[PDB]
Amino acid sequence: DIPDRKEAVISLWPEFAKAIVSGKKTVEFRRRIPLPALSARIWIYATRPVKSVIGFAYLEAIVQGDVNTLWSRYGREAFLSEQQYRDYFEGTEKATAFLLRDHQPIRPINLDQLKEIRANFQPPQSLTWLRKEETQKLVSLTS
């Protein structure tokens, strides 16, 4: 029984995780990774020291294309220096741009609660898809 990928979790360092949930960062760049559904809700897991899901946002678009064109068009909305961007994309010619909308902060759901939802949860290297019963438990914890 395969997840539909309309619900996914992504990991960011806490300054960037907070920028997405506050609506300051509306673009997240990644390499060519397996993609979520276009209508997905993306729950934002902040890594140490926060180690918590701190909110979510939705996708208005997924863009893939040349690394230079993605920087020129969307880099201003991504909250990262051009240097951090060039360093992350060294070694590939193409990138993914996740364009986000409708960000929502929540009271943080810590890693102990997350392991109560999925026993071996650990922060994803890219995306992880939530199963429907996992999603029902996470929505139940939201404030």
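We number the residues from 1 along the sequence you see.
In this crystal structure, the stretch out of 34 to 42 and 73 to 81 whose C-alpha atoms carry the higher mean B factor is 73 to 81. Just going by the entry, 47 to 55 versus 110 to 118 on mean CA temperature factor gives the higher value to 110 to 118. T128: CA B factor lies in the middle third for its chain, per the PDB record.
The PDB entry assigns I2 a C-alpha temperature factor belonging to the highest third of its chain's modelled residues. Residue-level temperature factors show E93 in the middle third of its chain, judged at the C-alpha atom.
Ranked by Cα temperature factor within the chain, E28 sits in the lowest third according to the deposited record.
Among the modelled residues of the chain, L141 sits in the highest third by CA temperature factor in this PDB entry.
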